[PDB]
């Protein structure tokens, strides 16, 4: 959780960092490159890079997005925008959530295209562009797939009207329409798509604006890889980039490993308890590892008496409550674990693996919900 950053770059080493997150530079390029070919010049790529690149370091990943000349980049937070631009990405850059107004105003300087899903929203945002002399480009979000989140519900006549006035805006230039698929099911994406289609068609036709000057973009990762017809003009892909997408497509390589150190290993007696509130009772006569990681560090409380790490290839049980900065793990079966070893909180360790599958199960929600904040709470460090 570095306390000094210069556009995503810290001064930290693996040596002097307590727990760290390893972005694989290589897996990255292999993922970009693979998508780029699978897509096949039938579609463009926005690399979906919000959440600081899903906890991978927008600043760390920007090199490689530039490297594989990816044309487009989605962000969410204003900083993500500053950093992309400050990397020299002279390309298309779009926000993939609604902003707040003040926020959006600041953003103006970064020349980002802004998402709009409502006429009242549109209206204000317009007066903000007028105010600065600038012309602001906008993606119109359409609730085609049923998210009820960013975009206008073009299902009812009200929406269709709201949609019109979004385009009546004299200081906003319209340049896309979009929806985002809501269920990761083939059939359900397929309806979403059929809807997005009529609604685009409808709005294009009836607001006498023209195809040629818009990009229509609905496909997320799962959508791109599974319902390719849903590709259309451009796709925005987070997960797949980083190798958590459809578990079956194993050509998409994990980009992020989460790791800590072993502080030291202590002995304890039969009948001791471990961590707050005496949750675990020591069954035999034990050796424990003080691992320099906690919930402060990201490794959440919910892993209490449930989770496992890897050390020296060894699958090793988390024991007792997870303290704020220190994790306790039973090495009582593994005499070969020693001070300064390397803990793998998530990933593979020559032999072993902590599965995304098994961590999600413990957590109660998807893995992003953990790793996008592991990102925030530790140093991201480039590798391969």
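Numbering follows the first chain given and starts at 1.
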Between 80-88 and 265-273, point out the one with the higher average CA B-factor as the PDB entry records it.
265-273
Between 47-55 and 352-360, which has the higher average C-alpha B-factor in the PDB entry?
352-360
Given 179, 305, 292, 221, the residue at which the Cα B factor reaches its maximum
305
Choose from 94, 240, 127, 288 the residue with the greatest Cα B-factor as stated in the PDB record.
127
Chain third (lowest, middle, highest) by recorded CA B-factor, residue given as residue 319
highest
Ranked C-alpha temperature factor of residue 111 among modelled chain residues, by third
middle
Going by the entry, which third of its chain does the Cα temperature factor of residue 252 land in?
highest
Would you mind checking where the Cα B-factor of residue 67 ranks among the modelled residues of its chain, as the lowest, middle or highest third?
lowest
Give the position of residue 298 by CA B-factor within its chain, expressed as the lowest, middle or highest third.
lowest
